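# What the coordinates show
Chain residues, written in single-letter form:
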Amino acid sequence: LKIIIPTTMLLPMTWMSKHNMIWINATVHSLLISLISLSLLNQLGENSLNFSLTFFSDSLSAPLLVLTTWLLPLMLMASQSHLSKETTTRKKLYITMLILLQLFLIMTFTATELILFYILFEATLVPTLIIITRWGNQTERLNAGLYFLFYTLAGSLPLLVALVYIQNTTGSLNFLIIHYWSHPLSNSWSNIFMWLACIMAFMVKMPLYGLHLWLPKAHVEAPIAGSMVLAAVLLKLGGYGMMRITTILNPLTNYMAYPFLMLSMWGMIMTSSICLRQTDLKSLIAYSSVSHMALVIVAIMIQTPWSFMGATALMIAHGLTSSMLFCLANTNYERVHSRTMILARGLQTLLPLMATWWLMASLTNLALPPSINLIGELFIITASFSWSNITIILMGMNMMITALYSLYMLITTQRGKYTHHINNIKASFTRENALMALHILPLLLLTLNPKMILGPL
Amino acid sequence: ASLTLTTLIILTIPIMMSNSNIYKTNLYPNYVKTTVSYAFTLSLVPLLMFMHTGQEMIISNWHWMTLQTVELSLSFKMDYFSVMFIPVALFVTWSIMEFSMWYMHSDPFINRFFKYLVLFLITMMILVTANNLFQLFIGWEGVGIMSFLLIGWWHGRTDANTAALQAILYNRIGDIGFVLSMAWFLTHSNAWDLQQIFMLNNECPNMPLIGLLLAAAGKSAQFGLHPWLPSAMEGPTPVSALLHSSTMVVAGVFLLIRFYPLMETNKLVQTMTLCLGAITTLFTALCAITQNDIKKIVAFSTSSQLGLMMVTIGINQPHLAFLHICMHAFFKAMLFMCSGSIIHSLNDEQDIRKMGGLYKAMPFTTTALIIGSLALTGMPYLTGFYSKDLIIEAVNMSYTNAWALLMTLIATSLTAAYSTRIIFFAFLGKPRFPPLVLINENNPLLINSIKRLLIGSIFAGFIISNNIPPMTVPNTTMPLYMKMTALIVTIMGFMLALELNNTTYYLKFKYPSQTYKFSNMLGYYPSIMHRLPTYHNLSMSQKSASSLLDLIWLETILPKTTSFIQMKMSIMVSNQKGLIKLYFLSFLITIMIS
Amino acid sequence: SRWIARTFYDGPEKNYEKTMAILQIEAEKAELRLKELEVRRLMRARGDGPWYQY
Amino acid sequence: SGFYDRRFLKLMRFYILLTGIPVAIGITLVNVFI
Amino acid sequence: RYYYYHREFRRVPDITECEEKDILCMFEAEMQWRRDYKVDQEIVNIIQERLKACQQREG
Amino acid sequence: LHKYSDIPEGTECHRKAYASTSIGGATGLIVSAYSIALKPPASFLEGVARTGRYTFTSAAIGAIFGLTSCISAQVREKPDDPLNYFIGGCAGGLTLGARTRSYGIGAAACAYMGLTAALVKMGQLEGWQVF
C-alpha cells in the first residue's frame, strides 16, 4: 500500500504542475517510485510474501510489478516530443491516462481476490481505449478501438460469471485458501465448460493464434505510448492471471490442453511465417510478438515447473524487447513519416548509433545467449520436449524463422543505399538514445541475476 | 589455473577500452596486436606445464543460477584439447592482426573492424574452453553472430548481406539439432555437464547423437549445408582468412570431437558421420577443381578438408581428427593471406583468368604459396603430412565401408588438383593482368606475418607430432603400397591436372561438356536449393498464411459473421415503419400465445 | 546484506504471523458464506425462519 | 555529423561513472575491513 | 569481526494428522513440507557435485 | 414437448420423427404469425403462401433432424453421447440450406444448429436449469 499511494499522488501533482514543466515532474517522480518499487523484489524463498488482507506479493508478481512501475517514465520520454502543439490542459489530461493505467496495473498484479483481480483486469481496458482512439493517427484507429475492445470483453464476461459461481460452490474466492483448499474438477460436461470459461479470457488477452487479429490492428494505430503498454504489459498480465487460475483445474487440464496446444504449436510457426513478409514495420513487430506469446501459452499449458520458470522469464524479456522495437520504429516513422519499411532504406549510412540499437534489439529478439529471452525460451522447449519428443521439430522451425525476419528488419531498413531525396532526417536527439539505452541496459544487467526473475517455481 | 584464465581474460580489456578516447585514435589497433602477442606469450606456459607432467584441470569459479537439482555454472575445462588449441588461435589471429593493419590501411572504421576481431576471438575462446554445455552454446551462437557482423562488413552491396543472412540461416538449421540434443541430455541424463553426461551414459543413446551431429554439420559445412561457406568469401579477405579458414568452421566438428565416448557408444553415429563426411569431401573437391576466384577455390578446399577430418572422426579416431585442425589453420591462413597480397596488389581482381602470371613479380608471395600448397598437398615430411597420411592410412587399415574410402581417395587426388590449378594460373603463365603494374610486395609487417606462418608451417608438424603423448597407438605393418597410396594418388593428381591444363593451351575451341557445366556450377545445388524452396515458402507465406488464412478467413469467421448478423437483425427489428395496426395486432397474437 | 536486513526488511516471523491471521480470517468468512446459503435455502423452503416470510 | 552521438556517450558515461565511483569504492572498503 | 550464525526451524506435526478443514495445520505443515523439499533438492545437488568431482578426478 | 421427450433412447425412429415434425411445425406457425403481423403481406393469398413457406420449412427441419438423430442412435448404438444429436444438428442446417438455395446460409446453419443441438443433449444429460 506504500508504493500505490504516491502513484495516485502524481495526479494532483500533474494537474497542479506548471504548464511547461509537467514532463519533468512526472518523469522524475515516476523514476523515484520505480526505485521504491524495486525494494519489493526481495520476496521469500518459501511462503509467498503478504501484506494487507487485500494484497499479497508472490514472486511471480514482483518482477512484473517492477517492470510495470519502470515503464511509465519511458512512455513519457517517448511521448513528450510526439506531442507538443497540443493544448496544456489536454496534455495534462493525457499523462493522466498513462499513470491511471499503471495504477490499475500495480493494483491488478498484487491481486488478491480473483474478483478484485478480475475487475481491475478488465478495468485496464478503458484508458488504453481512450488512448488508442483519441491519439492514434490515421482513420483505421477508430475501427481498431472496437477490435481491441470486444475481444477482451467477449472473453472476460464469461470468466466473470464463472468466478462468481465458484465462490458459491466453495467457500471463499480468495487466492491463498483456494490454493490450499483446491480440489480436482473432472470430466463430465459441466466441468469442461467451467474449464473454457476460466481459460478463454486469459487466452484472448494474450493473443492466441486463432484470435490474435485485433492485436496487429491495435499496434498499427496506437500512439506509441499506447503501443508500449499494449505490447509489453497487457499480454503479459493475461499470462499472469492464467498462471494464477491454474491452481484449480487439474486433472482436467491434462485432457483439455490438446486443442490449444495445436493452435499454439502451429500458430507460432504460422504467424512467424506471416511475419516474414510484412509490408510495413509497425506490424512486423506485432506479429513477432504473437509469435513469441504462443511459446508462453504452451509453456503454461504443459504445466511442468520448468515451463513456468520459462514462462516468467520469457514474459518479461519479451516485454522489454518488444517495447524497445516499437519506440525504435517510431523514431523512423517520425523522421520520415514513411511507415512502410521500404522507404527508409539506407538509414545506417546517415546516422550510426541507431543502427547500433537496431543491432542490440533485433539481436535479442532472435534470442542468442545468454539473453534472458533465450534462457526463458530454452526451458520451455525443454519441458515441452519432455511432454512430447516430437515437439522439438516444431520449436526448431520457430528458432529458424525468428532469426530470419528479425535480421530481415535490420537489413532492409538499414544496410543498403540511402534514398536520395529524403532530406527530412535530422541527426538523433538525446532523448532518443537516452530512451532506448533505458530499455536495453536493464535487459542486459538482468542476465547477471536471473535467479530473481525466474519466479515462484 | 591462474594462467589459463589470464590467457583468456586479458583479451576482454581492449573492448572495454573501446569507449575510451584511445579507441577514437588511429593509434588503437597496434595495442590490439600487441595484446594478442602478450596473450600468446602467456598462452604458451600452460601448454608446457601440460607437457612434461601432463596435468589437466577444470575450474568453475562461479555458479550462475542454481535450479532445483540442476545447477548450471560456468566451467572452464582445460583438457588436452582446450589447452593445445588456444596457442594456435592466438598465433594465427595475431598474424591476421598484423596482416589486416596493412590490408585495410586505407579503410575508415578500421578500428571498429579490429574491435569486431577481438570480439570474435573471445567468443571462440568461449567455445573451445567451455565444459558446461550451455556455455558451449553461448560460445556457439555468439561465434555465429560474429560471423554475421563480419560477413556483412561491406554492407553496401546487397550480395554481402545475402551472404551474411545465408550463413546465419544454415547455422540456425544446425542450431535446431543442437537444441534437440541439449534438451535431451537434460531430460534424460539430467546434466548439461560433460562429467555428468560421460558418467551416466554407458547405455546407447539412439537419438541425441544424430541431432547433435546435425549441429556439427552446421558450422562445418557438410554436404547438405555447404553453400554458405563458399558465399562467405564475399566479406573482406582477412575476415574469411580469420575463421572460414580455421577459427570458426573447425569448431563445428570440434563439438563432435568433444563428445567422442558417446559416439563410441553407438555404431550408427560413426557410421553416418563417415557416410556423409566422405561424400562432402568429394562433392566439394569436384567444384574446387574448376573455379576462377582465388578465394572460392580456397574455400572449397577448406570445406573439403573439413569433410576429410569429419570422416577422421567417423572412422573412430578423434585424436588425429583434432590433430588435423592444428595443422590446417596454418595452411589455410597462409593461403588466404598470400592471396590477400595478390589481390591487394592488383587493385583486387579475384578472377584467375585475368590474374596475371606473376611468378617473378612477387617472389616472396610465390615462395609462401608454394610451401602452402605443398603443405595442403601432404608432402612426406612437411607439416600437412603428419595429419593427412596418418589419417588416410588409418582409414585404410580400419574396418569400414569401403566406398567412402574410395571417396577419400578421389578427394585427396583433387586436393592436388586444385592446388596445382591455383599455382599454374597464379604464376607460371606470361602475365595477362591489365597494364600499369601497381605491384608492390613491400611493407615489412606483411613480410613478418607470412614469415611466422611459414615457420610454423614447416616445423609444427614435426614438433607437435613429437611432443604429444601416444594416444594414437600406431598401426605399422601390412602392406607396402599402404603408405605409397597417399603419394601416388597425389602424383596422379598433378600429372592429370597439369597435362590437362597444358592441353588447354593449344588453340582449338571446343565448348564445355556437361560435366564441366556441372562441377563449375557448384553442383547446381545453390541455384536449385535457393531458387526453389524459398519461392514455395515466400509464396506460401502470402499466397496463404498472410492472406486467406489470417486476413480473410480468420477474420471472416467471427468478426465479420457477427458484424453481419447484427446488420440483418438490426435492420429487421428496427424496421423504420411504425404503423400502429402492425405491432398492435402483434400485441394481440403475443397475448394469445402467452 | 546485514545492514539492509536491518534498515529495511524483517525476519520471516512478521510475514508468518500475518499469513496466519489472514488465512484464519478469510477461512472464517468462507465457512460463514456456505453456512449462510444453507440457512437461506432452508428458510425459504419452509418459511419457518424470521426473514423470508411474506 | 558525429557530434550528437559522442555528446550522448559523454553524458551517459559521465553519469553512470559519476555515481559509479562512490559505489565501487564503497564496496571495496567494505570488503577490506568489515 | 561482528558475525552471523546459522538459523534452524523446529519440527511441527504434518498434514496427515491435521483434520480435513483446519487451514492452520495445513499451513504449518505445508511450510514444513516445503522446507523439507527444498532441502532434499539441495542434497541431490551435493551428491551430483561429488559425482562430477569423481568424474574429472579420474585420469 | 413432453410427448417428444419420452423418446425413449432412440427406439422407433418414426415415433420420434413425427414429434419433432410437430415441434418444427409449431415454431413455423409462430414465426409465420409474427411475420404476417409485422410485414403486411398485401393480398392475402400471398400471405398464406408465406406461411406455407415457413411452416413447411420448419416442419421439414424438425422431421429430418429427428429421424437422423434417432437413426444415428440406432446405428452407432453409442447411443447416449451428445454427438449423437450433432449430426442431425449438422443435417438440419442443410435442410435449411436446401430451401434457401444457398451454400452460405446452409453452411452456417449446419454449424450453429449443430452446436445448439449438441448443447441441448448435453443439457438433458446434465440437468441444466435454463429457467
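Residues numbered from 1 in each chain as written, not as in the entry; some residues may be left out. Chains lettered and ligands numbered in written order. Part of a larger assembly, values for the part shown. Heavy atoms only, no water. Residues with missing side-chain atoms left out of burial classes, pairs and counts.

By the method listed in its record, cryo-EM, this PDB entry was determined to a resolution of 5.4 Å.

## A look at the overall build of chain D
We count it as follows: Segments assigned H or I by DSSP are reported as helices when at least four residues long, segments assigned E as strands when at least two residues long, and all are numbered from the N terminus.
If you tally the helices and strands in chain D, you get two helices and zero strands. Dimensions of chain D, computed from the C-alpha atoms along their principal axes, are close to 50 × 10 × 5 Å.

## Looking at the pairing of strand β1 (residues 57-66) of chain B
All names here are of chain B. Stated precisely, the cut-off is as follows: The rule for pairing is simple: two strands pair if DSSP sees at least two bridges between them.
Two strands pair when backbone bridges link them, and β1 and strand β2 (residues 71-78) are joined in this way by seven bridges, in the antiparallel orientation. Following the sheet pairing, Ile 58 is matched in β2 by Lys 77. Between the end of β1 and the start of β2, which pair antiparallel, lie four residues, with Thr 69 showing a positive phi angle near 55°.

## Regarding the arrangement of the chains
Our working definition: By definition, residues are in contact when any of their heavy atoms lie within 4.5 Å.
Counting contacts across all six pairs of chains that touch, the top-ranked interface belongs to chains A and B. Considering only C-alpha positions, the minimal separation of the non-contacting chain B and chain C is 19 Å. With no contact between them, chain D and chain F keep their nearest C-alpha atoms 60 Å apart.

## As for the interface of chain A and chain B
Basically, it comes down to this: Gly counts as polar in this scheme, as do all residues outside two lists: the nonpolar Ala, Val, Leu, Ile, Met, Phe, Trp, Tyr, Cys and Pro, and the charged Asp, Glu, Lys and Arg.
Listed by partner, the interface residues are 45 residues for chain A and 43 residues for chain B. Among the elements of the structure, α7 (141-169), α13 (253-275), α15 (305-336), α17 (353-365), α18 (372-387) and α19 (392-412) of chain A are those that each provide at least two residues to the side of chain A that touches chain B. In terms of residue count, the dominant contributor to the side of chain A that touches chain B is α19 of chain A (ten residues). Across the side of chain A that touches chain B, the residue classes tally to 33 nonpolar, nine polar and three charged.

## Re unusual backbone geometry
Negative phi values dominate among residues other than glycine, just as trans dominates among peptide bonds. Residue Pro 479 of chain B is reached from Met 478 of chain B by a cis peptide bond, and omega for that bond is -20°. Tracing the backbone through its elements, the reader meets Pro 479 of chain B in the loop between α20 (444-467) and α21 (481-503). Here the residue pair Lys 78 of chain F and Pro 79 of chain F is connected by a cis peptide bond, since its omega of -15° sits within 30 degrees of zero. Turning to its location among the elements, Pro 79 of chain F is positioned in the loop between α3 (44-76) and α4 (83-99). In this structure, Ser 188 of chain A takes a positive phi of about 50° despite not being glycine. Among the secondary structure elements, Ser 188 of chain A is positioned in the loop between α8 (175-180) and α9 (190-205).

## Regarding the packing of aromatic side chains
Aromatic rings considered in pairs are described by the distance between their centres and by the relative angle of their planes. Which entries qualify depends on this criterion: Two rings from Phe, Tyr or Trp (for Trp, the six-membered ring) form a pair when their centres sit within 6.5 Å of each other. Planes less than 30 degrees apart are called stacked, planes more than 60 degrees apart edge-to-face, and all others tilted. Comment: the charge-over-ring label is applied if NZ (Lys) or CZ (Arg) is within 6 Å of the ring centre and within 35 degrees of the ring normal.
Summarising the aromatic geometry, the rings of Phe 56 of chain A and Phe 175 of chain A are spaced 5.6 Å apart at their centres and angled 10° between planes, so their arrangement reads as stacked. Taken together, the residues span a long stretch of sequence, with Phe 56 of chain A in strand β2 (residues 56-57) and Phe 175 of chain A in helix α8 at a distance of 119 residues. Members of the aromatic cluster, joined through ring pairs, are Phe 109, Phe 117, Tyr 118, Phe 121, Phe 202 and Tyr 240 of chain A. The ring of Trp 135 of chain A carries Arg 134 of chain A above its face, with NZ or CZ at 5.8 Å from the centroid. Lying over the aromatic face of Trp 140 of chain B, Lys 219 of chain B brings its terminal NZ or CZ to 4.0 Å of the ring centre.

## Focus: the pattern of salt bridges
Test applied: Salt bridges are identified by distance alone: a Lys or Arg side-chain nitrogen within 4 Å of an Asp or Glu carboxyl oxygen.
Measuring nitrogen to oxygen at the nearest pair gives 2.1 Å for the salt bridge that ties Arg 172 of chain B to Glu 141 of chain B. Here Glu 141 of chain B lies in helix α6 (residues 133-151) and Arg 172 of chain B lies in helix α7 (residues 158-187), a separation of 31 residues in the sequence. In this structure, the salt-bridge partner of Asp 175 of chain B is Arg 172 of chain B, at a minimum N-O distance of 3.0 Å. In this pair, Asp 175 of chain B and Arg 172 of chain B are both assigned in helix α7, three residues apart and thus about one turn of the helix distant. A single network of salt bridges, built from pairs that share partners, joins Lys 217 of chain A together with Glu 555 and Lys 560 of chain B.

## A look at the side chain of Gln 43 of chain A
Residues and elements named next belong to chain A. So the rule is basically this: Any N or O atom pair separated by 3.5 Å or less is treated as a polar contact, with the protein-specific requirement of one donor-capable and one acceptor-capable atom, and with residues adjacent in sequence counted only for side-chain atom pairs.
Structurally, the position occupied by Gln 43 is in the loop between α2 (22-38) and β1 (49-50). One polar contact links the side chain of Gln 43 to the main-chain carbonyl oxygen of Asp 58, over a distance of 3.2 Å. When neighbours within four sequence positions are excluded, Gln 43 is seen to be in contact with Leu 49, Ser 57, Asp 58, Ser 59 and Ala 62.

## Side note on the packing of helix α5 (residues 110-129) of chain B against helix α12 (residues 251-258) of chain B
Residue and element names in this part refer to chain B. Spelled out, the test is: To get an axis, a line is fitted to the C-alpha atoms, and for a helix only the part in contact is used. The angle between two axes follows their N-to-C directions and goes from 0 to 180 degrees. Angle categories: roughly parallel below 35 degrees, roughly antiparallel above 145, roughly perpendicular from 65 to 115, and oblique for all the rest. Crossing handedness follows the turn of the near helix against the far one: under a right angle anticlockwise gives a left-handed crossing, and clockwise gives a right-handed one.
Where α5 contacts α12, the axes come no closer than 10 Å and their chain directions differ by 20°. Put simply, α5 runs roughly parallel to α12. Along this stretch, α5 crosses α12, giving a crossing that reads as left-handed. Mapping the contact onto sequence places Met 124, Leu 127, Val 128 and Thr 129 in α5 and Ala 251, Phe 254 and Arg 258 in α12. A per-class count over the contact of α5 with α12 returns five nonpolar, one polar and one charged.

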